[PDB]
Amino acid sequence: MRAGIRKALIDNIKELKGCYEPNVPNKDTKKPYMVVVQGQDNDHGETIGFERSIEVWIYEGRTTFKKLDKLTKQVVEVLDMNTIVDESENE
Amino acid sequence: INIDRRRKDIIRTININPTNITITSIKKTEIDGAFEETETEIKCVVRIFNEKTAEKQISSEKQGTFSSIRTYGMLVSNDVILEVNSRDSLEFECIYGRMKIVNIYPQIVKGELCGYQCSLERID
Amino acid sequence: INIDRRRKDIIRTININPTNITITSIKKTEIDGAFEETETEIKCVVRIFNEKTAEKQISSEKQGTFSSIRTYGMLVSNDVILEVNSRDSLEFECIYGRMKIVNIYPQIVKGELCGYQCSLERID
Amino acid sequence: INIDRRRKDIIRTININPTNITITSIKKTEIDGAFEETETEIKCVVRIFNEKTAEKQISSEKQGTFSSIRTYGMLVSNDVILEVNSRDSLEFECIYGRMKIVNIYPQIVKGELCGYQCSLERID
Amino acid sequence: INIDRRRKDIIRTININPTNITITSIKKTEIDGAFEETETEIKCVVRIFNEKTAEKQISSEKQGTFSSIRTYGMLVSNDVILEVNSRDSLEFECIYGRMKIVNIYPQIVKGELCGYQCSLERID
Amino acid sequence: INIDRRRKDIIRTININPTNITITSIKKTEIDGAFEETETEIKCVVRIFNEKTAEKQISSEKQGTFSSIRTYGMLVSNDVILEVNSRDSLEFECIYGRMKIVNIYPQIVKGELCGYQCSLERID
Amino acid sequence: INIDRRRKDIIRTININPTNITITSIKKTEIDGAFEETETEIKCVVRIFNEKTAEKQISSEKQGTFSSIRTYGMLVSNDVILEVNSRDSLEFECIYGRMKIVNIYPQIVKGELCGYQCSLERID
């Protein structure tokens, strides 16, 4: 499921330089880059079943925060309620 | 101490074991409450030496993993003015890991500057 | 030791490698349970030297980012009285960051002040 | 070591660079599960010297801000008995901040006390 | 080295600056899952010396305020067997605070004990 | 210093007390935001020596228990290029616990590399 | 250095002040995701010495109270192979509390083992 989010973010966002796993990138990675941390799975009743939490941590080169606001809006638009297909797991 | 002796000593000891580098300076300037960066490069012949025995700190969290050691010093002549600051940084791509000038001790004699003693991190 | 010997030594040491300085003193005085600051300025010829091989600390937070280091000492003659407290400060503009007189060791001989040994933070 | 040599050495060392002092001794006595303080003063000619290189700690909080350094030592003769304790304190007013006796090492020779070797904080 | 040399050396060192003490020994013994304390006393002529430069720590917690320093050492002959343990404690008192034997190093030569070299904590 | 002297010294020092060893290198390469491990082995004649007096530190958690120590160091000739990095590791099977190359100090003379000084952990 | 010289030196050093010892070895072996302990006992003539100056750290919890200290080293000949590990332990009963072999430094010359330098923790 990491692969689906990473592929979607890379495909749809062009300012993005790369999307990595939690502790992958080194200090010479080119910014802005995103990190896809996977959270808990909790049982949330019969209607929702197990709900998973995800975080897409954006990172930016400390020029100014306005670029980070723009990139946050881009990520939210890309992922919010848009169905994503994970080719690796085929689900 | 006459200044010319200090200049001759620094130039000699740099020339005993010199290394060419390309220090790239990224100076942050305040603009509307945020930083605007201007990247510049400079070249200097410089000697690199051990100044401390220390262990390699490793930092690893969701932002990324990087390990740095704070052992290597640096000694550069007066040919170029250097300033490292909370907002300014100086680094150069030495093989065996990026180098980063943490601090600059300016070797001054009678108010005239004739070289910098300097400290580095080898950000692996 | 005689007072005159110490005076000659300190004046000579300052004069080997002197630097003109403009220490700016900001003294806080209690007024109705709060501080009223009176800014005053003084000038002294001073020698600056390395006393410690310390490491640069960086303190970044939402209030701001500043990096200081405790390397540089300082030596000044008896010409001007200096005092540094929790409520008093003495700083000056060195071209490579502002220095700040953390502590003052007064060189006294037989109860007669003859000069101050001093320690600095070079606040980048 | 004969004791008289130690006495002569301590008195002579104090007399190279003596300073008159007024130790204000405040002793807490347990009364009904609480303290009752009896303040007493004593005067001693004393030599003050650097014994450590240390950095000024600064404790700032809603109770107040005070800075201390644990650098200066102290050497006082046998003329007066001193005792610093968890309940007992010995301060005195030096011009360069209040001076507080942290610890007392008594110089004993063959079971006879010949003088106190001491340590101070310079509270300011 | 031969044992008699340590014998003579330790006895001479103690007799140069001896001090009589009464080391009170409180030994805890397990009884039904809890301690039963046996208190005994012993007297030894012993020499007390500085072995470290340290700063007086202060607890001052809700239990109470005791301040201790880990400076003074101790050198006692072989006349009495000593054992300090997590359950056993050896303490005495000079006028300048109670003194607690934190640790004992037994000076052994060829498997024969010939005196204890020791460490103290002056609990003010 | 001429490079020939340094090379002769390093080869001699290695040959006083050499140890054939098989350093195994696992290099992580970034692939689609994750790592791919390329494992390859190398052999070098090497001298191992003590460089620090440090105490063994144990790390026990629900993940597992291992104890490491930073005492030992390494000296190796120029015959093979070594790089240790945040993403790269070099280890070998010493009989007294597995051993890992924390850091590599390359011995460079006149910009030419003629051996590595190096530091290890003995991962018991 | 020649191997025979090191062997003679270690044997002599042990024989200056030897102490008979019964090391008890508890080796944990993984079985079905847990440990099995195989207690095995060995004897070695050994010299014990002070390698560090340290203070007896004490650890009291609801599990129990024990106080340990790391001062004592140890030197043993080549007669028996020793291995301390995260899963293996070596301890012996000295009269002044138990002593646990924290770490083993094997003295090797040209790949030939000729004794261990060792560090102990005297557990009271």
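Residues numbered from 1 in each chain as written, not as in the entry; some residues may be left out. Chains lettered and ligands numbered in written order. Part of a larger assembly, values for the part shown. Heavy atoms only, no water.

What the deposited record gives as its method is cryo-EM, and the resolution it gives is 3.27 Å.

Colleague: How would you explain the interface of chain E and chain G if you had to name every residue and give the values?
Modeller: On the chain G side, the residues contacting the 18 residues of chain E number 16 residues. Around 1,300 Å² of area is buried between chain E and chain G when both sides are counted, 47% of it from carbon and sulfur atoms. Between chain E and chain G we count one salt bridge in total. At the junction of chain E with chain G, the criterion picks out eight residue pairs in polar contact. Elements that contribute at least two residues to the side of chain E that touches chain G include exactly strand 7 (98-109) and strand 8 (112-123) of chain E. At seven residues, the largest contribution of residues to the side of chain E that touches chain G is made by strand 7 of chain E. (Contact = heavy atoms within 4.5 Å. Buried area = accessible area lost by both parts, 1.4 Å probe. Salt bridge = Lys/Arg side-chain N within 4 Å of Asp/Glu carboxyl O. Polar contact = N/O pair within 3.5 Å; in protein donor to acceptor, adjacent residues only side chain to side chain. Helix = DSSP H or I, 4+ residues; strand = E, 2+ residues; numbered from the N terminus.)

Colleague: Give a detailed account of the interface of chain B and chain C, specifying residues and quantitative values.
Modeller: Quoted interface sizes are often the accessible area lost when the parts come together. With 20 residues of chain B in contact, the opposing surface of chain C contributes 17 residues. Summed over both sides, the interface between chain B and chain C buries roughly 1,300 Å², with carbon and sulfur atoms accounting for 43% of that surface. By the criterion of area lost to chain C, the three top residues of chain B are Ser86(B), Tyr105(B) and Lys110(B), representing 33% of everything that side buries. For the pair chain B and chain C, the interface holds two salt bridges. If you look at where chain B meets chain C, you find 11 residue pairs in polar contact. For the side of chain B that touches chain C, the secondary structure elements donating two or more residues are strand 7 (98-109) and strand 8 (112-123) of chain B. For the side of chain B that touches chain C, the element with the most residues is strand 7 of chain B, which contributes seven residues. Of the residues assigned to the side of chain B that touches chain C, the class counts are 12 nonpolar, four polar and four charged. (Nonpolar A, V, L, I, M, F, W, Y, C, P; charged D, E, K, R; others polar.)

Colleague: Give a description of the sheet that holds strand 6 (residues 88-92) of chain B that names residues and reports values.
Modeller: Residue and element names in this part refer to chain B. Spatial ordering of the closed barrel is given by 1-2-5-8-7-6, a layout of six strands whose pairing is antiparallel. Put simply, the sheet's adjacent strands are angled 40° from each other on average, direction ignored. When strand 2 (residues 34-50) meets strand 5 (residues 72-76), the two strands line up antiparallel, connected through five bridges. What sits directly across from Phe 49, in strand 5, is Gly 73. (Pairing = 2+ DSSP bridges. Axes fitted to C-alpha atoms, helices over the stretch in contact; angles between N-to-C directions.)

Colleague: Any chance you could break down the relation of the copies chain E and chain G for me, citing the residues and the numbers?
Modeller: Least-squares fitting of chain E to chain G yields an RMSD of 0.3 Å, with the transformation described by 0.0 Å of translation along the axis and a rotation of 60°. Each copy turns onto its partner about a six-fold axis. (Least-squares fit on C-alpha atoms.)

Colleague: Go over the nonpolar core with me, naming the residues and quoting the values.
Modeller: Within soluble globular proteins, side chains that are nonpolar generally end up buried alongside one another. Ranked by size, the top nonpolar core spans 45 residues in total, and within it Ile101(E), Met74(G), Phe92(G), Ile101(G) and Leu120(G) carry the most contacts. Beyond its immediate stretch of four places on either side in the chain, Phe92(G) contacts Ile21(G), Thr22(G), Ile23(G), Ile48(G), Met74(G), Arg98(G), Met99(G), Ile101(G) and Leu120(G). Counting residues in hydrophobic clusters, the runner-up holds 23 residues, among them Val80(F), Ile104(F), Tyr116(F) and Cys118(F). (Core = buried A, V, L, I, M, F, W, Y, C linked by side-chain atoms within 4.5 Å. Buried < 20%, exposed > 50% of the residue type's maximum accessible area, 1.4 Å probe, protein only.)

Colleague: Hey, could you go over the packing of aromatic side chains for me, with residue numbers and the actual values?
Modeller: Two descriptors summarise a pair of aromatic rings, namely the distance from one centre to the other and the angle between the planes of the rings. Per the stated rule, a full pass over the model turns up 14 aromatic pairs over all chains. Judged by centre distance (6.4 Å) and plane angle (75°), the ring pair of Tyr116(C) and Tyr96(D) falls under edge-to-face. Remark: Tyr96(D) occurs in the loop between strand 6 (88-94) and strand 7 (97-109) and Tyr116(C) occurs in strand 8 (residues 112-123); the pair is interchain, linking two chains. With respect to class, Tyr116(C) is no different from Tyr96(D); both count as buried. The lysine or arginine in question, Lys27(A), covers the ring of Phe66(B), its NZ or CZ lying 3.8 Å from the ring centre. (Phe/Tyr/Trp six-rings, centres within 6.5 Å; stacked < 30°, edge-to-face > 60°. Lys NZ or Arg CZ within 6 Å of the ring centre and 35° of its normal.)

Colleague: Just give me the short version of the side chain of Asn17(B), but keep the residues and values in it.
Modeller: For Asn17(B), the position within the fold is in the loop between helix 1 (3-16) and strand 1 (19-31). Overall, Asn17(B) belongs to the buried group, its relative accessible area being 14%. Here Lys110(F) takes part through its backbone nitrogen, which lies 2.9 Å from a polar atom of the side chain of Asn17(B). Aside from chain neighbours lying at most four places away, what touches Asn17(B) is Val46(B), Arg47(B), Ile108(F), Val109(F), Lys110(F) and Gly111(F).

Colleague: An account of the arrangement of the chains is requested, with residue identities and associated values reported.
Modeller: Across the nine pairs of chains that are in contact, the largest number of contacts falls between chains B and C. In this structure chain B stays clear of chain D, and the shortest span between their C-alpha atoms is 20 Å. Looking at chain D next to chain F, you find no contact at all, with the nearest C-alpha pair sitting 25 Å apart.

Colleague: Describe the sheet that holds strand 7 of chain D, with residues and values.
Modeller: All names here are of chain D. Taken together, the six strands give a closed barrel; going around it, the order is 1-2-5-8-7-6, and neighbouring strands pair in antiparallel fashion. Pairwise comparison of adjacent strand axes, ignoring direction, gives a mean angle of 40° for this sheet. Two elements, strand 2 (residues 34-47) and strand 5 (residues 73-76), share two bridges in a ladder whose sense is antiparallel. Bridge assignment links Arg 47 to a residue of strand 5, and that residue is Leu 75. Along the sheet, helix 1 (residues 3-16) contacts strand 2, strand 5, strand 7 and strand 8 (112-123); its crossing angle with strand 8, the most-contacted strand, is approximately 30°.

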